[PDB]
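What follows is one chain in structure tokens, specifically the form deposited without ligand CTP.
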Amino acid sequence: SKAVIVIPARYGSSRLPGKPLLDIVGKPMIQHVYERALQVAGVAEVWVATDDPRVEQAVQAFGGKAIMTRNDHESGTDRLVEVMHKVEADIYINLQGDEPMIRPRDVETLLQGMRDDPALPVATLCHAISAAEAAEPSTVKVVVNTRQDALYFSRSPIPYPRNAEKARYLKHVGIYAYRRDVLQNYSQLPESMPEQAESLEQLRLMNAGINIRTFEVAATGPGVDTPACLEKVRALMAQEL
């Protein structure tokens, strides 16, 4: 069972052009993610999938592996499908190129889950959050069953707190592990009404009846999407030394 980690690292960003190359305590952001990905046990290869020559050269400069992909992909999932054709593996793990504080252990929990159940098509992560945090539309909530399979993902606070003291909330952490057959069939899946309304791509999988198991980990570090988050992560990564 061969697993590979793919890190989508597009150059562009509306608030932070050249995001993967931003310096964080002496190294470009993409290098931090790449180095942590290399510490994950059970992975055969780690690839940075980018759309810009500048990111590709930067990755090669530090000794990493990069693969050029199309600039017209709107989702990191479609970018992963392009890579699956070139890089053969049984399990593909998709890590965000803008989460330099990723814990290697969390990715191993995800991979273990896929290996423990060969019938599992997709796996992802989640962590507990307060009711106050669950009220925010920018935080994606997930509700799961006894086997930890996701019932639904939403920007609405679910479960609804009719009996507030009984509600427990989970935030979805956007890291995914996919079995190869899922990616081979991906392009044939139609967009779903819930996907379009919520603006959540993972709902395309659920619309088709593809199971997504969600493993719980401890609260994770923030991603870097705004210049404000960038300063926060820099300060956090600095004291972590």
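In case it trips you up, residue 1 is the first one in the sequence shown, and so on.
Heads up, the form solved in complex with ligand CTP isn't pictured, but that's what we're talking about next.
Heavy atoms within 4.5 Å of ligand CTP in the deposited complex are found in exactly one of 85 to 93, 144 to 152, 102 to 110, 72 to 80, that being 72 to 80. Mapping the unseen interface onto this chain, residue 227 falls outside it, with no heavy atom inside 4.5 Å of ligand CTP in the deposited complex. Under a 4.5 angstroms non-hydrogen atom cutoff, ligand CTP in the deposited complex has residue 15 among its neighbouring residues.
Contacts to ligand CTP in the deposited complex (heavy atom within 4.5 Å) from stretch 97 to 121: 97, 98.
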